[PDB]
Amino acid sequence: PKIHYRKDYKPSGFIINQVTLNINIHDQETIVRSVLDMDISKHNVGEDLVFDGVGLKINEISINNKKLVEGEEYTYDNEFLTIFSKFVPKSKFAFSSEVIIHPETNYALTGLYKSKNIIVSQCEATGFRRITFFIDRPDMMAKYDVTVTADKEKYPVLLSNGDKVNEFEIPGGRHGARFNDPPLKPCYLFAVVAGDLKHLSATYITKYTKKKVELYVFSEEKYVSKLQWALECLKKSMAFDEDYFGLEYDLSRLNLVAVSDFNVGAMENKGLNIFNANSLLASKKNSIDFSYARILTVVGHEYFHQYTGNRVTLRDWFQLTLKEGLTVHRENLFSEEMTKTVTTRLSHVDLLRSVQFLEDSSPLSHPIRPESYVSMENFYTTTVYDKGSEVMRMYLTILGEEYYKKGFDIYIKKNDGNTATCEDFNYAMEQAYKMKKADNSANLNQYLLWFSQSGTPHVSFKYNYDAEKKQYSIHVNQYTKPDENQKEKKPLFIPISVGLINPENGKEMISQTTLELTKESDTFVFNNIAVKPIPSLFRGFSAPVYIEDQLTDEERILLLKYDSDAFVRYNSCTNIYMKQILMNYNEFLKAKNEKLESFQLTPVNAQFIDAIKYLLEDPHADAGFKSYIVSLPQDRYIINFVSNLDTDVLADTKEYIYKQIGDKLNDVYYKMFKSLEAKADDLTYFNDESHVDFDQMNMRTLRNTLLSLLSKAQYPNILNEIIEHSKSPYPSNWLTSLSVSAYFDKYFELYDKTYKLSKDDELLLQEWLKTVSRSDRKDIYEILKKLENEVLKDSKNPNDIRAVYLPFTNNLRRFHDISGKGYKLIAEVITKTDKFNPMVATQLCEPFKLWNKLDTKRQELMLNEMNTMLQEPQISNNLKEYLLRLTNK
Ligand SMILES: O=C(N[C@@H](C(=O)NO)c1ccc(-c2cc(F)c(F)c(F)c2)cc1)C1CCOCC1
Ligand SMILES: [Mg+2]
Ligand SMILES: [Mg+2]
Ligand SMILES: [Mg+2]
Ligand SMILES: [Mg+2]
Ligand SMILES: [Zn+2]
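Residues numbered from 1 in each chain as written, not as in the entry; some residues may be left out. Chains lettered and ligands numbered in written order. Heavy atoms only, no water. Residues with missing side-chain atoms left out of burial classes, pairs and counts.

Per the deposited record, determination of this structure is attributed to X-ray crystallography, with the resolution reported as 1.8500 Å.

As structure tokens, then:
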């Protein structure tokens, strides 16, 4: 079980300068011939030449056109090809090989595989070695010359990286295309695609050099009408990188390709980006609203990689967050600017503080730059991506836009065309910091702890105001809990964006201010503060931390109503909810533990409910924001605050609080649901696939949120509204009608209707599956069994499997049934999936991540299933490594 250590990085004893490939796709096998033009590096010490090569069938191998013979000159063990040093040349040489691989049966979707009728590759992180022999690490940079041949009727469209330089006919109904890609690249950016693809195309003219760039977006013929939004998003992405960062695309063509079978969202192969269909294809008739923001962010994300990851690449895989954290940060800047809605930033924070905070307090906790790995396929985590992005975003907060842009350009100009490490980025930012501080002794050495230290900091506050002195103080403390990675945690460089709100008129009392907390604690003093303020802390969520604001609910309400910052208003609301949840949770727990015949519950703060009404009734307030304030905090956010969480008692707690608020506000909810209809469901642009209105989508989100609240409440005659909603042309609406109808006798009527609307579009059917999976149904186990037998069957499509099972696992009452039947069901699915796709099997483990946070009976039930999975003789390396770490074994 080999463990790779970050401290152990050493350059290769070899160099690969040129790769020349011939990939010949046939009915039952694919033959791959490769010539590697190689050299001996300055670091060479006469070692054996060892290539990565996994699952390859050797037809022959040769060095300088002399055939090597197995046993005497090389060994191959299905993982490593070892050529004994005595047979390795001591200057430039050519290594060649011919191997056979089998994309048709490659269900793990790594290396070269078949997705429906499309042949496609996925080489990040170490999948290139599943295609041919190589020294498969990102610092082995080479030029590529790639020829693909295939049956012309089955596979008329052939793509790889670089320029297509020849197209030719082959006897027996075949044809070939040659692609030459002269700029150096790492092998994880190699891609090839063959299929009967249809496309939309456009020409983009770059801002400064005025280069013509051809843009192509591809899919199977059936879905070619779902490609338009993606092409628009690509145009938008190019413009943003030009306008914000001054960066233009350097190649003459960019291809985007949708495939049905994909382990993740998309992949940034140079000039040839490959997408999960659910993150590239949409139409207003056949997609829910979420698809539109999804496609925007994922097209943007892969485009921004062309600089951050492709032109500046990675020295080694421990630097992953350097390209992923930075590209998520660039993706988020882009998405905020395109959507112009405050909920975009809020949604990022909501994700981080639920899913990533849970990971960071689990046995899986790691820093954004880990010290070791076993499985690279297990390294692509919300910590590396989303905490990485918040760490990349803090540089912008600290430096401000002008010096951030200066520092970023330093990074690009200094590292363009090369590999890089996290230190290279910190160094570029540090140079800008020196300039900003007018102080060449200033440094960001402490900032590096954000890369190495695991766990979420807790930042807490105390205040003091002297009315005679007009002097205000904010005392701040930071603390990170020790974990298995560091016994002693050090203080971080924490930027705290703050305002001070005058509680009498709601106005700002100071200019924009970012406190730089660099010690365990500090006191920040403000003079000439005319009245005692309410502090507005961590505006924009300015650091990835647990915020303990120590404000009263009266103070939080004032901020919720009158503060200028969307995040602090949302966080203030969040904190009011959490105080209530923790209080009611323990009142319910106590009643349970003590077997009480009667007891009391503390009601929801009535002034809080008044503030929600006030905001809801304000026509100038944002519909997206409104949808957040009527929703309780995510279960996975709440669990970070409760030990031995009894999920039944939490379910009862949430139910009580929702009922309290609905008992006061349901008539308001209904009135709004009706008044929002005209603008929310406006059909003016329903047949214009390039017109996307994020505000209007937020109005639909608000309506569908309100409808859910009124349905759960059995508001008088709401079923009438539900039935009319099922007739809406928008899938977000008519799928909503299915899940809110769970509380009525018409659920299976709506089940059949919406199935019939969904079944003939692959992606829509998957959205229907999710809607069913997440339905609040007492018979949800019987329903899941029906989906398995009637719709899912033995599909190996990850989208299908994830759609059926993951939403169900968020069902607090049912997934966590005290019998353990839900844990048993998901473990059976994990073990089944692990036989053919270990990466997705590990994704399906996600519900188990919080296992040691639950009540002791459920900890035991979850642990039993994980140990049962660990005992399967045929368990994959991925799944074994993951469960071993998760169960602290
Ligand atoms: O699709 C996503 N991430 C991919 C990415 O960063 N694209 O630029 C991504 C790509 C490949 C992998 C990956 C890693 C492996 F080790 C592996 F075997 C594999 F098949 C894919 C994981 C995530 C996320 C979801 C969509 O928005 C971007 C984040
Ligand atoms: Mg094989
Ligand atoms: Mg422009
Ligand atoms: Mg994203
Ligand atoms: Mg299918
Ligand atoms: Zn990425």
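**What to know about the overall build of the protein chain**
Cut-off, in case you're wondering: Helix and strand definitions here come from DSSP, where helices need a minimum of 4 consecutive H or I residues and strands a minimum of 2 consecutive E residues; each element is numbered from the N-terminal end. For the radius of gyration, the atoms used are the C-alpha atoms, and the globule rule reads 2.2 Å times the number of residues raised to 0.38. Working rule for contacts: check all heavy atoms of both residues, and any pair within 4.5 Å makes them a contact.
A tally of regular secondary structure across the protein chain gives 26 helices and 31 strands. Its C-alpha atoms give the protein chain a radius of gyration of 28 Å, near enough to 29 Å, the size a compact globule of 889 residues would have. Overall, the protein chain is about 85 × 70 × 55 Å in size when its C-alpha atoms are taken along their principal axes. Taking as baseline every contact in the protein chain between residues at least 6 positions apart, the subset at least 24 positions apart corresponds to 71%.

**Observations concerning the packing of aromatic side chains**
Put simply, the rule is: Two aromatic rings from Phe, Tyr or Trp, using only the six-membered ring of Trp, form a pair when their centres are within 6.5 Å; if the ring planes differ by under 30 degrees the pair is stacked, by over 60 it is edge-to-face, and anything between is tilted. Only protein chains enter the accessibility calculation, which uses a 1.4 Å probe; a residue is then buried when its area is under 20% of its type maximum, exposed when over 50%, and partly exposed in between.
Taken as a whole and assessed by the stated rule, the structure comprises 53 aromatic pairs. Consider the rings of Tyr 411 and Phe 425, whose centres lie 4.8 Å apart with planes at 75°: the pair is edge-to-face. With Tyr 411 in helix α5 (residues 382–415) and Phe 425 in helix α6 (residues 422–436), the pair connects residues that are 14 residues apart, well separated along the chain. By relative accessible area, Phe 425 is classed as buried at 0%.

**Notes on the site of ligand 1**
Note the following rule: Any residue with at least one heavy atom within 4 Å of a molecule or strand is counted as near it. Under the rule applied, a polar contact is a pair of N or O atoms within 3.5 Å (in protein, one hydrogen donor and one hydrogen acceptor; residues adjacent in sequence only if both atoms are side-chain atoms). Computed by Shrake-Rupley with a 1.4 Å probe, the accessible areas treat only the displayed protein chains as cover when residues are assessed.
Around ligand 1, the surrounding shell holds 20 residues, and the nearest of these are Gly 265, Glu 268, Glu 302, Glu 324 and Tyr 385. Between ligand 1 and the protein, one listed contact pairs an oxygen atom with a side-chain N or O atom of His 305 at 2.9 Å. One of the side-chain nitrogen or oxygen atoms of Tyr 385 is found 2.6 Å away from an oxygen atom of ligand 1. Here ligand 1 has 610 Å² of accessible area as a free molecule, and 91% of this is covered by the chains.

**Details of the state of the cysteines**
Our working rule: By disulfide we mean two sulfur atoms from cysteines, separated by a distance within 2.5 Å.
Applying the stated criterion across every chain, the model contains zero disulfides. Among the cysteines around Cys 187, which has no disulfide bond, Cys 123 carries the closest sulfur, lying 7.0 Å off.

**Some points on the UniProt feature "binding site: Zn(2+)" in the protein chain**
Heads up, the condition is: UniProt positions are given in the numbering used here, feature names are shortened, and annotations may be inferred rather than shown by experiment.
Residues given the UniProt feature "binding site: Zn(2+)" here are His 301, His 305 and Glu 324. A stretch of 24 residues holds the annotated residues, and the largest C-alpha distance among them is 9.1 Å, short enough that they meet in one place. Mapped onto the fold, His 305 is located in the loop between α2 (290–304) and β22 (313–314). Considering the arrangement of structural elements, one finds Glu 324 in helix α3 (residues 320–339). In this view, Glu 324 contacts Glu 124, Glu 268, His 301, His 305 and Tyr 385; residues no more than four positions away in its chain are not counted. Reaching out from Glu 324, the side chain makes a polar contact with the side chain of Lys 323 at a distance of 2.6 Å.

**Some words on empty space enclosed by the protein**
For the record, the criterion: The definitions used throughout rest on a 1 Å grid laid over the protein atoms alone, on which a cavity is an enclosed set of points accommodating a 1.4 Å probe that cannot get out and a pocket is an open set flanked by protein within 12 Å on both sides along at least five of seven lines; lining residues are those having an atom within 4 Å of a point. Grid points are joined across faces, edges and corners, and a volume is the space filled by probe spheres set on the points. Under the grouping applied here, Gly and all other residues not named as nonpolar or charged are polar, the nonpolar ones being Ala, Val, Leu, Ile, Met, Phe, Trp, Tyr, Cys and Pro and the charged ones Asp, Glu, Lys and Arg. Where each domain starts and ends follows an automatic or database-derived domain assignment.
Size it by volume and the largest cavity reaches roughly 160 Å³. Lining the largest cavity are 15 residues, with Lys 284, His 691, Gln 696, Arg 700 and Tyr 730 sitting closest to its centre. Here the element with the most residues in the lining of the largest cavity is helix α15 (residues 694–712); it accounts for three residues. Split into classes, the residues belonging to the lining of the largest cavity amount to seven nonpolar, three polar and five charged. Looking at which domains feed residues into the lining of the largest cavity, each of domain 3 (284–454) and domain 5 (551–889) supplies at least three.

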